[PDB]
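Peer 1: Once you've seen the sequence and the experimental structure below, I've got questions.
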Amino acid sequence: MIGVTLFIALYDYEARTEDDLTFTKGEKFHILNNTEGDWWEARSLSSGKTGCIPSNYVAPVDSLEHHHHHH
């Protein structure tokens, strides 16, 4: 969806609190709230669950894709 940034997990993460998400590397996310800074609220596109993730464990998918001019 245009205007919505897709994120991908670069590492596995086991939930450390009741509000954390557990996820595996490659998992896709939408970010819902980034105000905590080091922790972001996200919704997992794999499980449909919502919770906190470490902000440094994910990256925008568009940052990691190969781009070519002609489309």
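Peer 2: Okay, I see it. Residues are numbered from 1 along each chain as shown.

Peer 1: Quick one: neighbours of residue 29, just the number.
Peer 2: Using other CB atoms under 10 Å, residue 29 has 24 neighbouring residues. No exception for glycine: its C-beta is placed from N, CA and C like everyone else's.

Peer 1: repeat for residue 11
Peer 2: Residue 11 has 12 neighbours, counted by other CB under 10 Å.

Peer 1: so what's it up against?
Peer 2: By CB atoms under 8 Å, 6 or more residues apart in numbering, the contact set of residue 11 is 25, 57.

Peer 1: and if we set it to 10 Å?
Peer 2: Residue 11 makes contacts with 23-26, 54, 56-58, as judged by CB atoms under 10 Å, 6 or more residues apart in numbering.

Peer 1: Equivalent analysis for residue 65, please.
Peer 2: Applying CB under 10 Å, 6+ apart, we find residue 65 in contact with 6, 8.

Peer 1: Would you mind checking the contacts of residue 11 for buried ones?
Peer 2: With burial judged by 16 or more other CB atoms under 10 Å, the buried subset of these is 23, 57-58.

Peer 1: Let me know the closest of those residues to residue 5.
Peer 2: For those, the minimum distance to residue 5 (CB to CB) is 10.4 Å, reached by residue 58.

Peer 1: The closest one reaches residue 12, doesn't it?
Peer 2: No - using CB atoms under 10 Å as the test, residue 58 is too far from residue 12 to be in contact (12.0 Å).

Peer 1: between these two, what contacts are shared?
Peer 2: Common contact partners of residue 58 and residue 12 (CB under 10 Å, 6+ apart): 23, 25, 27.

Peer 1: Just these: which are in strands?
Peer 2: Among the shared contacts of residue 58 and residue 12, no residue falls in strands (DSSP state E).

Peer 1: picking that back up, I'd like the buried ones among the contacts of residue 11 written out as a markdown table, with distance to residue 7 added.
Peer 2: Shown next, in a markdown table, are the buried ones among the contacts of residue 11 (distance: CB to CB, whole Å):
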| residue | distance to residue 7 |
| --- | --- |
| 23 | 11 |
| 57 | 10 |
| 58 | 4 |
